[PDB]
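> The structure's right below; bear with me while I get my questions together.
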Amino acid sequence: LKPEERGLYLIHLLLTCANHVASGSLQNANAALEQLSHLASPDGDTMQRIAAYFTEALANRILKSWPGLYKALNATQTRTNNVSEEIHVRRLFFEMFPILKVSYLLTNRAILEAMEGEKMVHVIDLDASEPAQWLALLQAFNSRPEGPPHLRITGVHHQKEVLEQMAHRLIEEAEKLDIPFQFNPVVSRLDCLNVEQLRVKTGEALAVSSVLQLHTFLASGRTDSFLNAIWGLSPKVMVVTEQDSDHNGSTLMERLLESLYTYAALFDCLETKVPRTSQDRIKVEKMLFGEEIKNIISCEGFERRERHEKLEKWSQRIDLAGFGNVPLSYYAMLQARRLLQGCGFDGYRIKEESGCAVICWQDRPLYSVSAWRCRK
Amino acid sequence: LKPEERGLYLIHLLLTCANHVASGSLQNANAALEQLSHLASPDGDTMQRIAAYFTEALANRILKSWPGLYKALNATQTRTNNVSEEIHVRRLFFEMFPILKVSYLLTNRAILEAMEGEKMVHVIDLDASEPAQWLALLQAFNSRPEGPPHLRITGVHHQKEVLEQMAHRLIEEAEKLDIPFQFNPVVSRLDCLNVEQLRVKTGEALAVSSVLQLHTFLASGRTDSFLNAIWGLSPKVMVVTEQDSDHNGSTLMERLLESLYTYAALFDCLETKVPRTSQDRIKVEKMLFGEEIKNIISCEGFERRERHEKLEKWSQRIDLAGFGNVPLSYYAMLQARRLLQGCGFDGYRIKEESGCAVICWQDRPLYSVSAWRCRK
Amino acid sequence: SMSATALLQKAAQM
Amino acid sequence: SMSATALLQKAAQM
């Protein structure tokens, strides 16, 4: 058993295995799967890790051919009330990757721009799970020469614990900055959220922010209904941070090949700068990246929610809802390039696709941030 | 969907499902398994809970027909370094059940009896994971009118963390009682432990204690080699706490039927006195009882280590190694009946099988404790 | 309670 | 490093 040749070999194994599941019986699928399992480790090479999570991904898809075994195997997992680990993974991604640090700086720089001269400010956060994005806002609002404005934030998440956690950290910081500030927590999933029902106090200025939360509507016109509902509030700006990869092919093959291209790039960052034995590295791959991969491969239909698409398809879709593009500023983009120079983050680079920011890793695009103005 | 009739029905489903796995293909096995999964919950009725863990148990056995899927599914679990939960389950069983409280009182009462007039005492603990068993010893040794003896304990476990944890709590208590005391920790699994190699300082008195740790040798004459090795040390007493149920049938059917008879009794204790929604109840069933069931059903051969057998077969086996029975005292047994009167523990009763103690729940025998003297 | 231990008792007689 | 991203690059050409 010799290494780098196994790298190519593993790839061929995933394709050969996937073709049997997609077309025909598992007898030949089991062949490559056993062949894969001896060669893939969660703690080894980058391609060893990659094949560790795709192999289990295809197995789950095979299990769904027999609902009996799948349901029976997943029969003792109900008493699950663990959010403390869930927030731990969100903090790791925040710290170990600049994806969110760049997005947060970019949206707040974009939000500040549309809110010049506004005494009242309303921000809506879909999947408001990380407070540090707004911690930067309160700082910057107080930093501007005019002075802080009255600030309301609406937090959207499916867990009251996180919203209670965000309010506390947010309200305390506001009072210490002498900012009039109000947190309005709404507890609901994103499918069931009604945007129009949301309280709007007139005389306000509205801003909407969606961090990696738009593509879940492509599962369930579920998207176009939602964007128009945001349009119905007349937002000054809507900033959309979204993933920039074609992971929503119709077939398993087209979905698989492009999927591992992207996740291979993400796993490279982790090997380049993190020890292989660190639990933190293992906790993001298995619990964050590896969960995504399972949804892209094992799941299909409405229960498959990753559905990431490239920046172009998002631009058209957003445009169709009567949204105008706001080019991101030259000096907000300089700062993101400045974030990516320091704090390790070697190899990351950002480019501009038509007034929208694209974050890439060694010329492989990963995530896109775009600013949008409400047309008409 | 109506309840108590589902109770009978679930039973018939497990047998019908098991017969298909044992003899023939899974096409008919999948039928009952899907049929089972809709009717079994981890959080519901007692028989609902029972069928929740046996259903997943048979599914694992079916998976092992295809090593590809099974290995591929279990491909991301390697970085597991969690003993903190493992000790949590041992403490729960200790607190939620009197199995260990009765055993500990009984062995220490038996050990005290053979160590009358002994100035030096050596105790060997196989799978020394719970310190409270010896905490009772140090107390009682100081309690006797003669005075404490010099005390050495050898701790056997496969995790240095637990032995470091036991020593600390043990040494501190000893110094506060003014007892000469020494902890000798050995770190090794039980298959690989060599009993003869163990340090013996002459002039000592030896005692051996085995709490639910003898039946793991029936997997791998692995048993008779081990008992004679203990015999080779000339122990004053060897006290064996062991489970009292015939869970080591040759066939799946004979192993299954008698298995659920016993575990149905254990789950009754939990429903009689614990709220159904409590995590503590769920953490013992799924993590302790449910793990056992998986080994009894899904596993076979050397990797199946439960192998519990009735008191009679243990009596003969121990006798064959040249061990003499020591009848447990009338007043040690009175105290165990006194433990089972208070602290809830309603319905537990203990009987005597030939100078050995049998703990049962509503006339279903569960665990057996026997005291043995070294013959010749 | 209505014993789960009793549930197998009546079903094993059948 | 010897890129895992490069490993698929050479295998996709084949």
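Residues are referred to by chain and number: the chain letter is A, B, ... according to the order shown in the structure tokens, the number counts from 1 in that chain, and ligands are numbered separately from 1 in the order shown.
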With a distance cut-off of 6 Å and only C-alpha atoms, select the neighbouring residues of residue 4 (chain C), excluding the residue or stretch itself and same-chain residues fewer than 2 positions from it, and output the selection as a ChimeraX atom specification.
/B:47 /C:6-7
> Using only C-alpha atoms, I'd like every residue of chain B that has an atom within 9 Å of chain A; please write them out as a PDB file with C-alpha atoms, in the first residue's frame.

ATOM      1  CA  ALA B  29     -36.515  -9.506   7.022  1.00  0.00           C
ATOM      2  CA  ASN B  30     -36.891  -5.958   5.668  1.00  0.00           C
ATOM      3  CA  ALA B  31     -40.673  -6.427   5.782  1.00  0.00           C
ATOM      4  CA  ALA B  32     -40.873  -6.850   9.561  1.00  0.00           C
ATOM      5  CA  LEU B  33     -38.085  -4.305  10.111  1.00  0.00           C
ATOM      6  CA  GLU B  34     -40.021  -1.510   8.403  1.00  0.00           C
ATOM      7  CA  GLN B  35     -43.079  -2.861  10.225  1.00  0.00           C
ATOM      8  CA  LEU B  36     -41.146  -2.650  13.505  1.00  0.00           C
ATOM      9  CA  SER B  37     -39.626   0.804  13.023  1.00  0.00           C
ATOM     10  CA  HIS B  38     -42.978   2.602  12.837  1.00  0.00           C
ATOM     11  CA  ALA B  40     -40.901   1.239  18.300  1.00  0.00           C
ATOM     12  CA  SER B  41     -39.779   4.430  20.004  1.00  0.00           C
ATOM     13  CA  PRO B  42     -36.826   5.039  22.342  1.00  0.00           C
ATOM     14  CA  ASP B  43     -38.987   7.338  24.486  1.00  0.00           C
ATOM     15  CA  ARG B  49     -38.308   0.946  24.205  1.00  0.00           C
ATOM     16  CA  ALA B  52     -36.333   0.108  19.785  1.00  0.00           C
ATOM     17  CA  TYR B  53     -32.958  -1.425  20.672  1.00  0.00           C
ATOM     18  CA  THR B  55     -34.709  -3.666  16.031  1.00  0.00           C
ATOM     19  CA  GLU B  56     -31.482  -1.727  15.534  1.00  0.00           C
ATOM     20  CA  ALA B  57     -29.658  -4.798  16.873  1.00  0.00           C
ATOM     21  CA  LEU B  58     -30.956  -7.058  14.094  1.00  0.00           C
ATOM     22  CA  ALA B  59     -30.306  -4.392  11.453  1.00  0.00           C
ATOM     23  CA  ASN B  60     -26.601  -4.336  12.355  1.00  0.00           C
ATOM     24  CA  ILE B  62     -28.050  -7.790   8.541  1.00  0.00           C
ATOM     25  CA  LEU B  63     -25.465  -5.142   7.596  1.00  0.00           C
ATOM     26  CA  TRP B  66     -22.341  -6.895   3.301  1.00  0.00           C
ATOM     27  CA  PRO B  67     -19.015  -5.801   4.839  1.00  0.00           C
ATOM     28  CA  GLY B  68     -18.885  -3.033   2.236  1.00  0.00           C
ATOM     29  CA  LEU B  69     -21.855  -1.048   3.524  1.00  0.00           C
ATOM     30  CA  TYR B  70     -21.127  -1.738   7.205  1.00  0.00           C
ATOM     31  CA  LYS B  71     -17.479  -0.686   6.990  1.00  0.00           C
ATOM     32  CA  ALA B  72     -18.319   2.271   4.735  1.00  0.00           C
ATOM     33  CA  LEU B  73     -21.049   3.485   7.093  1.00  0.00           C
ATOM     34  CA  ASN B  74     -18.639   3.224  10.048  1.00  0.00           C
ATOM     35  CA  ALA B  75     -15.894   5.191   8.320  1.00  0.00           C
ATOM     36  CA  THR B  76     -15.771   8.561  10.143  1.00  0.00           C
ATOM     37  CA  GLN B  77     -15.833   7.493  13.807  1.00  0.00           C
ATOM     38  CA  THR B  78     -12.134   7.123  14.569  1.00  0.00           C
ATOM     39  CA  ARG B  79     -11.323  10.278  16.576  1.00  0.00           C
ATOM     40  CA  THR B 277     -38.658  11.887  29.503  1.00  0.00           C
ATOM     41  CA  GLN B 279     -32.281  11.844  29.965  1.00  0.00           C
ATOM     42  CA  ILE B 282     -32.429   7.227  28.206  1.00  0.00           C
ATOM     43  CA  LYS B 286     -29.267   3.269  24.993  1.00  0.00           C
TER      44      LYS B 286
END
> Enumerate as an mmCIF file with C-alpha atoms, in the first residue's frame the residues belonging to chain A that approach chain D to within 10 Å, with only C-alpha atoms taken into account.

data_model
loop_
_atom_site.group_PDB
_atom_site.id
_atom_site.type_symbol
_atom_site.label_atom_id
_atom_site.label_comp_id
_atom_site.auth_asym_id
_atom_site.auth_seq_id
_atom_site.Cartn_x
_atom_site.Cartn_y
_atom_site.Cartn_z
ATOM 1 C CA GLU A 4 0.073 9.308 -3.754
ATOM 2 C CA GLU A 5 -1.112 6.745 -6.315
ATOM 3 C CA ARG A 6 -3.975 5.953 -3.929
ATOM 4 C CA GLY A 7 -5.016 9.586 -4.341
ATOM 5 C CA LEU A 8 -5.969 9.178 -7.998
ATOM 6 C CA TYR A 9 -7.298 5.684 -7.316
ATOM 7 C CA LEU A 10 -9.736 6.840 -4.625
ATOM 8 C CA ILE A 11 -11.260 9.335 -7.062
ATOM 9 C CA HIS A 12 -11.886 6.650 -9.681
ATOM 10 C CA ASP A 45 -4.280 12.416 3.852
ATOM 11 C CA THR A 46 -6.459 15.181 2.422
ATOM 12 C CA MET A 47 -7.807 12.863 -0.270
ATOM 13 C CA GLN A 48 -7.934 10.150 2.391
ATOM 14 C CA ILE A 50 -12.292 13.450 1.381
ATOM 15 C CA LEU A 257 -17.913 15.489 -9.573
ATOM 16 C CA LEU A 260 -15.690 17.069 -4.569
ATOM 17 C CA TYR A 261 -13.836 19.650 -6.676
ATOM 18 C CA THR A 262 -15.047 22.329 -4.266
ATOM 19 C CA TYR A 263 -14.633 20.416 -1.006
ATOM 20 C CA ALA A 264 -11.151 19.293 -2.023
ATOM 21 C CA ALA A 265 -10.223 22.985 -1.981
ATOM 22 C CA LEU A 266 -11.710 23.509 1.489
ATOM 23 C CA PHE A 267 -9.870 20.486 2.896
ATOM 24 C CA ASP A 268 -6.607 21.835 1.452
ATOM 25 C CA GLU A 271 -4.128 20.464 5.842
ATOM 26 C CA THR A 272 -1.954 23.436 4.875
ATOM 27 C CA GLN A 362 -5.993 28.890 -5.249
ATOM 28 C CA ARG A 364 -11.191 27.776 -7.072
#
> Residues at most 9 Å from region 353-359 of chain A, counting only C-alpha atoms, excluding those fewer than 4 positions away in the same chain, as a PyMOL selection string?
chain A and resi 99+102+106+244+311-312+325-329+333+348-349+364-371
> When DSSP works through the backbone of this structure, what residues of chain C end up as alpha helix (DSSP H), shown as a list in words?
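Going through chain C, the alpha helix (DSSP H) residues come out as residues 4, 5, 6, 7, 8, 9, 10, 11, 12 and 13 of chain C.
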> Can you write out the residues you just picked, keeping N, CA, C and O atoms, as a PDB file, in the first residue's frame?

ATOM      1  N   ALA C   4     -44.539  -5.109  31.258  1.00  0.00           N
ATOM      2  CA  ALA C   4     -43.953  -5.503  29.987  1.00  0.00           C
ATOM      3  C   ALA C   4     -43.387  -6.909  30.077  1.00  0.00           C
ATOM      4  O   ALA C   4     -43.413  -7.649  29.089  1.00  0.00           O
ATOM      5  N   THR C   5     -42.882  -7.294  31.255  1.00  0.00           N
ATOM      6  CA  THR C   5     -42.522  -8.688  31.489  1.00  0.00           C
ATOM      7  C   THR C   5     -43.718  -9.610  31.296  1.00  0.00           C
ATOM      8  O   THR C   5     -43.553 -10.760  30.881  1.00  0.00           O
ATOM      9  N   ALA C   6     -44.929  -9.128  31.588  1.00  0.00           N
ATOM     10  CA  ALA C   6     -46.110  -9.964  31.411  1.00  0.00           C
ATOM     11  C   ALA C   6     -46.528 -10.045  29.951  1.00  0.00           C
ATOM     12  O   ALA C   6     -47.193 -11.007  29.549  1.00  0.00           O
ATOM     13  N   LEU C   7     -46.153  -9.046  29.147  1.00  0.00           N
ATOM     14  CA  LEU C   7     -46.562  -9.020  27.745  1.00  0.00           C
ATOM     15  C   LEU C   7     -45.994 -10.217  26.987  1.00  0.00           C
ATOM     16  O   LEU C   7     -46.713 -10.891  26.243  1.00  0.00           O
ATOM     17  N   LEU C   8     -44.700 -10.502  27.173  1.00  0.00           N
ATOM     18  CA  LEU C   8     -44.113 -11.715  26.619  1.00  0.00           C
ATOM     19  C   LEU C   8     -44.692 -12.978  27.243  1.00  0.00           C
ATOM     20  O   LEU C   8     -44.747 -14.019  26.580  1.00  0.00           O
ATOM     21  N   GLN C   9     -45.121 -12.917  28.504  1.00  0.00           N
ATOM     22  CA  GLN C   9     -45.674 -14.100  29.152  1.00  0.00           C
ATOM     23  C   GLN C   9     -46.907 -14.605  28.412  1.00  0.00           C
ATOM     24  O   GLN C   9     -47.014 -15.797  28.103  1.00  0.00           O
ATOM     25  N   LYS C  10     -47.846 -13.707  28.104  1.00  0.00           N
ATOM     26  CA  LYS C  10     -49.057 -14.117  27.400  1.00  0.00           C
ATOM     27  C   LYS C  10     -48.782 -14.466  25.941  1.00  0.00           C
ATOM     28  O   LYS C  10     -49.461 -15.332  25.377  1.00  0.00           O
ATOM     29  N   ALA C  11     -47.798 -13.814  25.316  1.00  0.00           N
ATOM     30  CA  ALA C  11     -47.486 -14.091  23.917  1.00  0.00           C
ATOM     31  C   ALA C  11     -46.718 -15.394  23.742  1.00  0.00           C
ATOM     32  O   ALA C  11     -46.856 -16.052  22.705  1.00  0.00           O
ATOM     33  N   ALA C  12     -45.905 -15.776  24.731  1.00  0.00           N
ATOM     34  CA  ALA C  12     -45.206 -17.053  24.653  1.00  0.00           C
ATOM     35  C   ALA C  12     -46.164 -18.223  24.832  1.00  0.00           C
ATOM     36  O   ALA C  12     -45.898 -19.321  24.325  1.00  0.00           O
ATOM     37  N   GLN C  13     -47.263 -18.048  25.548  1.00  0.00           N
ATOM     38  CA  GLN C  13     -48.211 -19.144  25.634  1.00  0.00           C
ATOM     39  C   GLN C  13     -48.858 -19.445  24.283  1.00  0.00           C
ATOM     40  O   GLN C  13     -48.849 -20.571  23.834  1.00  0.00           O
TER      41      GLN C  13
END
> Once chain D has been least-squares superposed onto chain C, matching all their Cα atoms in order, can you return it as a PDB file with C-alpha atoms, in the first residue's frame?

ATOM      1  CA  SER D   1     -47.574  -1.473  36.141  1.00  0.00           C
ATOM      2  CA  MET D   2     -49.177  -3.740  33.556  1.00  0.00           C
ATOM      3  CA  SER D   3     -45.890  -5.562  33.214  1.00  0.00           C
ATOM      4  CA  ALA D   4     -43.953  -5.503  29.987  1.00  0.00           C
ATOM      5  CA  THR D   5     -42.522  -8.687  31.489  1.00  0.00           C
ATOM      6  CA  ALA D   6     -46.110  -9.964  31.411  1.00  0.00           C
ATOM      7  CA  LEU D   7     -46.562  -9.020  27.745  1.00  0.00           C
ATOM      8  CA  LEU D   8     -44.113 -11.715  26.619  1.00  0.00           C
ATOM      9  CA  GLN D   9     -45.674 -14.100  29.152  1.00  0.00           C
ATOM     10  CA  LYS D  10     -49.057 -14.117  27.400  1.00  0.00           C
ATOM     11  CA  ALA D  11     -47.486 -14.091  23.917  1.00  0.00           C
ATOM     12  CA  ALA D  12     -45.206 -17.053  24.652  1.00  0.00           C
ATOM     13  CA  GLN D  13     -48.211 -19.144  25.634  1.00  0.00           C
ATOM     14  CA  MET D  14     -49.941 -18.571  22.263  1.00  0.00           C
TER      15      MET D  14
END
> In Å to one decimal, how far is CA of residue 284 (chain A) from CA of residue 124 (chain A)?
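Between CA of residue 124 (chain A) and CA of residue 284 (chain A) the gap is 27.5 Å.
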> Just give me the gap between CA of residue 184 (chain B) and CA of residue 152 (chain B) in Å, one decimal is fine.
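Separation of CA of residue 184 (chain B) and CA of residue 152 (chain B): 7.2 Å.
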> What is the CA of residue 22 (chain A) to CA of residue 215 (chain A) distance in Å?
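About the pair CA of residue 22 (chain A) and CA of residue 215 (chain A): they are 24.4 Å apart.
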> Residues near residue 114 (chain A), anyone? I mean within 8 Å using only C-alpha atoms, not counting same-chain ones fewer than 2 positions away, as a VMD selection string.
chain A and resid 110 to 112 116 236 to 237
> Just want the 9 Å neighbourhood of residue 301 (chain A), counted on only C-alpha atoms, with same-chain residues fewer than 3 positions away dropped. Output as a compact mmCIF listing (two decimals) with N, CA and C atoms, in the first residue's frame.

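The resulting file, selection-v1.txt, is reproduced below:
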# COMPACT_ATOMS: atom_id res chain seq x y z
N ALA A 219 -34.72 23.86 -2.61
CA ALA A 219 -35.26 22.54 -2.33
C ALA A 219 -36.76 22.52 -2.56
N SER A 220 -37.50 23.28 -1.75
CA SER A 220 -38.94 23.41 -1.91
C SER A 220 -39.27 24.18 -3.19
N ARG A 304 -33.20 17.48 0.50
CA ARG A 304 -31.86 17.91 0.11
C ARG A 304 -31.86 19.42 0.00
N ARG A 305 -31.14 20.09 0.90
CA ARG A 305 -31.25 21.54 1.01
C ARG A 305 -29.98 22.31 0.68
> Pick out the residues sitting within 10 Å of residue 214 (chain A), and hand them over as a ChimeraX atom specification; count only C-alpha atoms, and ignore anything fewer than 3 positions along from it in its own chain.
/A:126,190,210-211,217-218,223,226-227,240-243,306-308,314
> Can you write just those residues out, N, CA and C atoms, as a PDB file, in the first residue's frame?

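Printed below is part.pdb as written:
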ATOM      1  N   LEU A 126     -31.609  36.741   8.713  1.00  0.00           N
ATOM      2  CA  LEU A 126     -32.058  35.369   8.529  1.00  0.00           C
ATOM      3  C   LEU A 126     -30.983  34.415   9.035  1.00  0.00           C
ATOM      4  N   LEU A 190     -36.970  28.664   8.356  1.00  0.00           N
ATOM      5  CA  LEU A 190     -37.022  29.593   7.235  1.00  0.00           C
ATOM      6  C   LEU A 190     -38.119  29.259   6.234  1.00  0.00           C
ATOM      7  N   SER A 210     -28.492  37.934   4.395  1.00  0.00           N
ATOM      8  CA  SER A 210     -28.696  36.493   4.254  1.00  0.00           C
ATOM      9  C   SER A 210     -27.331  35.837   4.081  1.00  0.00           C
ATOM     10  N   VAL A 211     -26.836  35.201   5.139  1.00  0.00           N
ATOM     11  CA  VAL A 211     -25.534  34.544   5.129  1.00  0.00           C
ATOM     12  C   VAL A 211     -25.787  33.056   4.908  1.00  0.00           C
ATOM     13  N   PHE A 217     -34.043  27.478  -0.191  1.00  0.00           N
ATOM     14  CA  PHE A 217     -35.344  27.630  -0.825  1.00  0.00           C
ATOM     15  C   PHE A 217     -35.425  26.943  -2.178  1.00  0.00           C
ATOM     16  N   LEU A 218     -34.288  26.564  -2.764  1.00  0.00           N
ATOM     17  CA  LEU A 218     -34.307  25.824  -4.020  1.00  0.00           C
ATOM     18  C   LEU A 218     -34.773  24.387  -3.836  1.00  0.00           C
ATOM     19  N   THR A 223     -38.323  30.062  -4.103  1.00  0.00           N
ATOM     20  CA  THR A 223     -37.347  31.145  -4.028  1.00  0.00           C
ATOM     21  C   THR A 223     -37.975  32.482  -4.402  1.00  0.00           C
ATOM     22  N   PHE A 226     -40.131  34.122  -2.027  1.00  0.00           N
ATOM     23  CA  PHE A 226     -39.442  34.654  -0.857  1.00  0.00           C
ATOM     24  C   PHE A 226     -38.753  35.978  -1.159  1.00  0.00           C
ATOM     25  N   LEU A 227     -38.069  36.074  -2.303  1.00  0.00           N
ATOM     26  CA  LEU A 227     -37.367  37.309  -2.640  1.00  0.00           C
ATOM     27  C   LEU A 227     -38.339  38.473  -2.795  1.00  0.00           C
ATOM     28  N   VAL A 240     -26.364  39.534   0.265  1.00  0.00           N
ATOM     29  CA  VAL A 240     -26.481  38.083   0.208  1.00  0.00           C
ATOM     30  C   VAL A 240     -25.079  37.496   0.154  1.00  0.00           C
ATOM     31  N   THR A 241     -24.677  36.828   1.231  1.00  0.00           N
ATOM     32  CA  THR A 241     -23.499  35.971   1.227  1.00  0.00           C
ATOM     33  C   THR A 241     -23.949  34.569   0.846  1.00  0.00           C
ATOM     34  N   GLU A 242     -23.388  34.029  -0.232  1.00  0.00           N
ATOM     35  CA  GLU A 242     -23.794  32.705  -0.671  1.00  0.00           C
ATOM     36  C   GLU A 242     -22.621  31.944  -1.263  1.00  0.00           C
ATOM     37  N   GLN A 243     -22.736  30.621  -1.196  1.00  0.00           N
ATOM     38  CA  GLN A 243     -21.705  29.727  -1.690  1.00  0.00           C
ATOM     39  C   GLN A 243     -21.687  29.747  -3.213  1.00  0.00           C
ATOM     40  N   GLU A 306     -28.875  21.636   0.375  1.00  0.00           N
ATOM     41  CA  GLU A 306     -27.655  22.371   0.079  1.00  0.00           C
ATOM     42  C   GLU A 306     -27.832  23.195  -1.190  1.00  0.00           C
ATOM     43  N   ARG A 307     -27.917  22.534  -2.345  1.00  0.00           N
ATOM     44  CA  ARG A 307     -28.404  23.157  -3.579  1.00  0.00           C
ATOM     45  C   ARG A 307     -27.622  24.413  -3.953  1.00  0.00           C
ATOM     46  N   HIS A 308     -26.351  24.480  -3.569  1.00  0.00           N
ATOM     47  CA  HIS A 308     -25.544  25.647  -3.893  1.00  0.00           C
ATOM     48  C   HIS A 308     -25.462  25.832  -5.403  1.00  0.00           C
ATOM     49  N   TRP A 314     -27.516  33.188  -9.268  1.00  0.00           N
ATOM     50  CA  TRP A 314     -28.099  33.998  -8.207  1.00  0.00           C
ATOM     51  C   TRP A 314     -28.351  35.424  -8.682  1.00  0.00           C
TER      52      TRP A 314
END
